[PDB]
Amino acid sequence: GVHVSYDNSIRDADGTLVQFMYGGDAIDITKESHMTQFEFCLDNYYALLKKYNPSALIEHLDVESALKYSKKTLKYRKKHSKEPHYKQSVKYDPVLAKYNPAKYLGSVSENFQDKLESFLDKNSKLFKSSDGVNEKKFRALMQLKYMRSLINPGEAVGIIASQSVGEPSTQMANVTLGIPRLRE
Amino acid sequence: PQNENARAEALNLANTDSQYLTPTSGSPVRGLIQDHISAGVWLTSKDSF
Amino acid sequence: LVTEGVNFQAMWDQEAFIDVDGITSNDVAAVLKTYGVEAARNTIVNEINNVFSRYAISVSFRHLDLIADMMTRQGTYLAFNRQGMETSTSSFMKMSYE
Amino acid sequence: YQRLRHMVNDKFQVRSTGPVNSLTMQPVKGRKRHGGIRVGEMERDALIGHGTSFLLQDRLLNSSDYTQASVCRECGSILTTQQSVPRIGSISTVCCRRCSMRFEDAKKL
Amino acid sequence: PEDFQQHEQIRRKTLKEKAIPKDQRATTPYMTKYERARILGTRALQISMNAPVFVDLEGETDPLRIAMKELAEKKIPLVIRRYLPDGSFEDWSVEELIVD
Amino acid sequence: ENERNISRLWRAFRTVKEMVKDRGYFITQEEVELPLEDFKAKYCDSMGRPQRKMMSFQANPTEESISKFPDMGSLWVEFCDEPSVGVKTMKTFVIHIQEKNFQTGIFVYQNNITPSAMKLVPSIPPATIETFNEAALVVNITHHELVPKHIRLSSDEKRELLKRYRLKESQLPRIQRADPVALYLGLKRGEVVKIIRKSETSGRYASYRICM
Amino acid sequence: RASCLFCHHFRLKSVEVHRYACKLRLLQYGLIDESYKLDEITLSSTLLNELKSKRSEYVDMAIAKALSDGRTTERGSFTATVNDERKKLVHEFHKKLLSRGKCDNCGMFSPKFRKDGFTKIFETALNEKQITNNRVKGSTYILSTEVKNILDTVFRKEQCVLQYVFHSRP
Ligand SMILES: [Zn+2]
């Protein structure tokens, strides 16, 4: 009975909430694959750009508010790092909390956002040496793709996660192992 | 399926093409097998002309 | 060091050597009792993953997150068997299960 | 080589209207009497998880028993309903037995 | 009748509470993979039952192809009502909802 | 061998301040950082045995605490020198709280408590009492890597959450009131906490739980 | 088995029941907190009647206050967490019923019963001193009708609590 609702919160059929964000990033697994492959997406950009087609979507979406808060977060993110999780100050919440990723372009898992920048920085050479596709032009794409890879409200993951565990179980110190452990 | 509602889904939701990927690991479940692999080798091989 | 059995408090006097903050267990309910639901939950995903890890299989954490978050929904550690299913609201599910 | 048993002619069937088991008003095993195909939970579960949900549900319902029925919107029951035995000049109609009274009682007050 | 006139007034008030205004509508501008299906499905049924058809058929004997054909033009006259878990819902015109 | 007892006490005694700080009251960072010797210097006489009583203290909310939790009042921390927890010892401490009018007391027993005194724990609402084992506190649990950060929320914040997700309070994932973390935070029922989960898939990921 | 054959109530005292009567009532409206805050109430029958009154009015105040805002439907608000707490009290409440050894109202003694999986309930006779105390304070299969007669009397008195016990909703 698990239901993601259009709020993206996981809810058991009665409405009882389970998770607020599916993966916590609410990223659809079947669409998650090439997301972290930036170098591939860097190539073919002119193709993907035609597939996602950012043009039409500017109207219906808030591009900015997420991006502001994001950059607002990442600054202070790198600020307090080395301190442990408990001493770490909670001042702002992660991006996806205050911002629906579907309505808001740029609202993105802090993880992906980091991989993107880390990539986009160290590989920023390629943006110059190549045709010159602008980082922003590319950044704006991945964020769009990221937002387009979101889970769909009203699927069945409860079944998925069941089958997702169920099927591979059929595939197969001295601690307890295998299905017996899993059963356990 | 006996009605357009049903077959609407069977076309647009549960599908071969619509499902190219595990929900589990997100990995391709579909692709040519056996012969077709061994063929591609002898085809894509340089000795092919 | 690998510990057979579980007593955390025992280890807590031992931190002169070991790092107590890195202590992890193979027993959920123990952790739930000691470090509470969240750590217990985090332990679950870790433990389950070890299974599929050993068999080289691959399961996206999102599933394991869903399950772990589910078994902890009551803040206790609930089975998927008849017992945990008791608290459910819908009868027919329960009624048609066992 | 060895030709086996298990020739396909022995194994297949389609579209079982006939049997409609009396209790459930549902088909029955194919075999050679004209049954059908069992679905089942693991197959049910897929539909839910598979994605073909409207389709899935519809299929299940229609291949397992669908009619429609009278229910008392008052007594809230399927069973207590029945047809009326009408008069000449009057059409029969459905009424709920539980919420119906002996006519004797009305003229009493 | 007053008891009926009562929960009719009660019908509104709750169903007033459960409606989300246009500006207030918070969900995705996209059409979910599912919403696309059932739209095509429902529209197909109606097209099959001699509902009015806004776009030329051009030789389509398949109502579902027809439904697809309208959807390209957003000529489909439907409205999706998205239920939040509480029961309060939204209402999205088809055409205002971004396809794929 | 007082040494461990001293160490363990000091060690646990540290966790307490850590909690009270974390629970939002005002404690200087160095007061948390008290070394074993100064602890012995301060809290041990010339014995080898520290004095629980000189250890017990009052704590007060910070501004942000008060500003965010106006209902938060003063805290009293208490240790029990006797291993046994006397109903009168309870009665002593209990009335001691009400007399001095603390929002909340905290009473750290050594080993065991008279269950009769347990009945007297809910003695004086609204003021509440919290009881911890000295040995239970040897190691702050929140510091463990599995334990994510926990944040108790203002009633205002709780509203904003529910009104955001349109929930009844009970539809949240529950956290048992007997959960050590709840115990560690001293959660009332019907309180909702923010939990920052560090995903391996995503990054930091916020979640919520309601105390029952 | 928990019935008073003389005080015609549950052998557990009315007051310690009256709290469950209030608590399970709260949970039909799904108030989990207040159930606990109910137990806060305390400062002779006049005392109890005051207490029983104060609990009841406390309940009435809360649920009204609970319904004052949208925290509960008049139909009652019932979720799994709520559904848990019900199964907790109900299970526990039964224990305190089975523990009581004397009707706390009359002080009398009902004899033990012994049942069969084949549904034969054997009444086992009273203990001596009880009959003594009985007249001081004053292995047989039993007829279902008699039993039926027993509980009918019980429920006429015990309706107020069981009305809540058997309904997860108002
Ligand atoms: Zn009727």
# chains A, B, ... in the order shown; residues from 1 in each chain; ligands from 1
>>> residues_around(residues="stretch 133-141 of chain G", least_positions_apart="2", cutoff="10 Å", atoms="only C-alpha atoms", output="count of residues only")
25
>>> residues_near_ligand(ligand="ligand 1", cutoff="12 Å", atoms="only C-alpha atoms and all ligand atoms", output="JSON, numbers by chain")
{"D": [70, 71, 72, 73, 74, 75, 76, 77, 78, 79, 80, 81, 82, 94, 95, 96, 97, 98, 99, 100, 101]}
>>> residues_around(residues="residue A:136", least_positions_apart="5", cutoff="12 Å", atoms="only C-alpha atoms", output="VMD selection string")
chain A and resid 67 106 116 to 117 120 124 127 141 to 144
>>> write_last_selection(atoms="C-alpha atoms", output="compact mmCIF listing (two decimals), in the first residue's frame")
# COMPACT_ATOMS: atom_id res chain seq x y z
CA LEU A 67 19.74 28.03 -6.91
CA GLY A 106 18.02 23.55 -9.15
CA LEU A 116 28.55 17.95 -10.53
CA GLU A 117 30.71 20.80 -9.27
CA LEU A 120 32.62 20.58 -13.52
CA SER A 124 36.44 22.77 -16.56
CA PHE A 127 34.65 23.47 -21.48
CA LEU A 141 21.08 20.91 -18.26
CA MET A 142 22.07 18.41 -15.59
CA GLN A 143 19.85 20.16 -13.06
CA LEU A 144 17.05 19.89 -15.58
>>> interface_residues(of="chain C", to="chain B", cutoff="8 Å", atoms="only C-alpha atoms", output="list in words")
residues 58, 59, 60 and 63 of chain C
>>> write_last_selection(atoms="N, CA and C atoms", output="compact mmCIF listing (two decimals), in the first residue's frame")
# COMPACT_ATOMS: atom_id res chain seq x y z
N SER C 58 23.58 -6.46 -6.61
CA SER C 58 23.54 -5.02 -6.45
C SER C 58 22.11 -4.57 -6.23
N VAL C 59 21.89 -3.87 -5.13
CA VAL C 59 20.57 -3.36 -4.78
C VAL C 59 20.72 -1.91 -4.36
N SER C 60 19.99 -1.03 -5.03
CA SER C 60 20.07 0.38 -4.70
C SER C 60 19.53 0.63 -3.31
N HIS C 63 15.78 1.07 -2.07
CA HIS C 63 14.93 -0.01 -1.62
C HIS C 63 15.16 -0.27 -0.14
>>> residues_around(residues="residue F:42", least_positions_apart="5", cutoff="10 Å", atoms="only C-alpha atoms", output="PDB file with N, CA, C and O atoms, in the first residue's frame")
ATOM      1  N   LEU F  34      36.134  19.707  30.757  1.00  0.00           N
ATOM      2  CA  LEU F  34      36.810  19.568  32.030  1.00  0.00           C
ATOM      3  C   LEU F  34      37.692  18.321  32.051  1.00  0.00           C
ATOM      4  O   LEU F  34      37.186  17.207  31.844  1.00  0.00           O
ATOM      5  N   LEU F  36      40.108  15.264  33.599  1.00  0.00           N
ATOM      6  CA  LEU F  36      39.884  14.351  34.712  1.00  0.00           C
ATOM      7  C   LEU F  36      40.416  14.926  36.019  1.00  0.00           C
ATOM      8  O   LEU F  36      39.764  14.843  37.065  1.00  0.00           O
ATOM      9  N   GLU F  37      41.608  15.518  35.974  1.00  0.00           N
ATOM     10  CA  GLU F  37      42.244  15.992  37.195  1.00  0.00           C
ATOM     11  C   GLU F  37      41.478  17.148  37.800  1.00  0.00           C
ATOM     12  O   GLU F  37      41.150  17.125  38.989  1.00  0.00           O
ATOM     13  N   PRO F  50      35.138  11.307  44.591  1.00  0.00           N
ATOM     14  CA  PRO F  50      34.419  12.554  44.338  1.00  0.00           C
ATOM     15  C   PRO F  50      33.116  12.621  45.114  1.00  0.00           C
ATOM     16  O   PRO F  50      32.621  11.627  45.650  1.00  0.00           O
ATOM     17  N   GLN F  51      32.561  13.826  45.171  1.00  0.00           N
ATOM     18  CA  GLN F  51      31.303  14.074  45.861  1.00  0.00           C
ATOM     19  C   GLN F  51      30.221  14.374  44.834  1.00  0.00           C
ATOM     20  O   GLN F  51      30.239  15.432  44.196  1.00  0.00           O
ATOM     21  N   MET F  54      28.457  17.996  45.277  1.00  0.00           N
ATOM     22  CA  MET F  54      29.132  19.141  44.691  1.00  0.00           C
ATOM     23  C   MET F  54      29.107  19.106  43.176  1.00  0.00           C
ATOM     24  O   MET F  54      29.330  20.138  42.537  1.00  0.00           O
ATOM     25  N   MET F  55      28.834  17.948  42.590  1.00  0.00           N
ATOM     26  CA  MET F  55      28.725  17.809  41.150  1.00  0.00           C
ATOM     27  C   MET F  55      27.394  18.307  40.614  1.00  0.00           C
ATOM     28  O   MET F  55      27.370  18.974  39.577  1.00  0.00           O
TER      29      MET F  55
END
>>> atom_distance(atom1="atom CA of residue G:104", atom2="atom CA of residue G:3")
11.0 Å
>>> interface_residues(of="chain G", to="chain F", cutoff="10 Å", atoms="only C-alpha atoms", output="count of residues only")
19
>>> closest_atom_pairs(of="chain D", to="chain E", cutoff="10 Å", atoms="only C-alpha atoms", output="JSON lines")
{"residue": "D:51", "atom": "CA", "partner": "E:34", "partner_atom": "CA", "distance": 8.3}
{"residue": "D:52", "atom": "CA", "partner": "E:34", "partner_atom": "CA", "distance": 9.3}
{"residue": "D:53", "atom": "CA", "partner": "E:34", "partner_atom": "CA", "distance": 9.3}
{"residue": "D:54", "atom": "CA", "partner": "E:38", "partner_atom": "CA", "distance": 7.9}
{"residue": "D:55", "atom": "CA", "partner": "E:41", "partner_atom": "CA", "distance": 9.8}
>>> closest_atom_pairs(of="chain B", to="chain D", cutoff="7 Å", atoms="only C-alpha atoms", output="CSV")
residue,atom,partner,partner_atom,distance
B:1,CA,D:59,CA,5.8
B:5,CA,D:55,CA,6.4
B:6,CA,D:55,CA,3.3
B:7,CA,D:55,CA,6.2
B:9,CA,D:52,CA,5.1
B:10,CA,D:52,CA,5.6
B:13,CA,D:51,CA,5.4
B:14,CA,D:52,CA,5.0
>>> residues_around(residues="residue C:88", least_positions_apart="3", cutoff="10 Å", atoms="only C-alpha atoms", output="list in words")
residues 12 and 14 of chain A; 84, 85, 91, 93 and 94 of chain C; 79, 80, 81, 83 and 84 of chain G
>>> select_by_dssp(residues="chain D", states="alpha helix (DSSP H)", output="number ranges by chain")
D: 41-50, 53-62, 103-107
>>> interface_residues(of="chain E", to="chain F", cutoff="12 Å", atoms="only C-alpha atoms", output="ChimeraX atom specification")
/E:18,26,83-89
>>> write_last_selection(atoms="N, CA, C and O atoms", output="compact mmCIF listing (two decimals), in the first residue's frame")
# COMPACT_ATOMS: atom_id res chain seq x y z
N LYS E 18 -11.20 20.83 0.93
CA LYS E 18 -10.34 19.90 0.23
C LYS E 18 -9.89 20.40 -1.13
O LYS E 18 -9.09 19.73 -1.79
N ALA E 26 0.50 23.15 -5.77
CA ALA E 26 1.91 22.97 -5.45
C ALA E 26 2.58 21.83 -6.19
O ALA E 26 3.79 21.64 -6.04
N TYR E 83 -4.96 13.83 -5.69
CA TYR E 83 -5.26 13.71 -4.27
C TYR E 83 -3.97 13.74 -3.47
O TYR E 83 -3.11 12.87 -3.64
N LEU E 84 -3.83 14.72 -2.60
CA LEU E 84 -2.87 14.57 -1.53
C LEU E 84 -3.40 13.52 -0.56
O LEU E 84 -4.59 13.20 -0.58
N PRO E 85 -2.54 12.95 0.27
CA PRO E 85 -2.99 11.83 1.12
C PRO E 85 -4.09 12.22 2.08
O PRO E 85 -4.93 11.39 2.42
N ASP E 86 -4.10 13.47 2.54
CA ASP E 86 -5.15 13.92 3.44
C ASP E 86 -6.53 13.81 2.83
O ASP E 86 -7.52 13.74 3.57
N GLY E 87 -6.62 13.80 1.51
CA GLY E 87 -7.87 13.91 0.80
C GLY E 87 -8.08 15.24 0.14
O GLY E 87 -8.89 15.31 -0.80
N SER E 88 -7.39 16.29 0.56
CA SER E 88 -7.43 17.56 -0.16
C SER E 88 -6.79 17.31 -1.51
O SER E 88 -5.78 16.62 -1.60
N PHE E 89 -7.37 17.87 -2.55
CA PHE E 89 -6.88 17.56 -3.88
C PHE E 89 -6.50 18.82 -4.62
O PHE E 89 -6.73 19.95 -4.17
